[PDB]
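Just below is one structure, and these are the notes that go with it.
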Amino acid sequence: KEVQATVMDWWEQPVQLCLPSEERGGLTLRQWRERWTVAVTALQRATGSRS
Amino acid sequence: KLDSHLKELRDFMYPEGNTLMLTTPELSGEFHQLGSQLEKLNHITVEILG
């Protein structure tokens with residue numbers, strides 16, 4: 616059960632949400648991730664590449 | 499004497515009266531329990547690797 620917990624931590628990497636108010640380049644990590652997710656989604660739409 | 503020897507040996511070998519017992523019942527029960535627990539451990543292992 617402990618090993619299963621470790622596998623879970625490796626997959627989710629929870630430490631990325633621990634500093635929300637930190638801005639870099641005028642944006643927070645979340646914002647950056649969001650920007651990334653929108654961009655990844657736009658690329659996937661253009662590149663017909665239906666994920 | 500012969501009758502007594504026969505009765506003593508028989509009582510020892512047939513503890514539940516109907517079946518010749520070669521293994522100690524207490525031990526036979528433990529083997530079964532250990533086999534069952536190992537099967538559970540093998541499932542958990544396969545599940546995690548998968």
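Just so you know, the sequences run in chain order D and B.
Numbering-wise, PDB author numbering comes out as the position in the first sequence, counting from 1, plus 615.
Numbering-wise, PDB author numbering comes out as the position in the second sequence, counting from 1, plus 498.
Where a beta carbon is used, it is the ideal one built from N, C-alpha and C, also for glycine.
{"Query": "For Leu634/D, three-class secondary structure by DSSP", "Result": "coil"}
{"Query": "Short Cβ contact (8 Å threshold) for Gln619/D with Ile546/B", "Result": "yes"}
{"Query": "Where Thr643/D sits in the DSSP three-state scheme", "Result": "strand"}
{"Query": "Bounding residues of the alpha helix (DSSP H) (the contiguous stretch that carries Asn516/B)", "Result": "Premise fails: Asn516/B is in no alpha helix (DSSP H) and is neither H nor E."}
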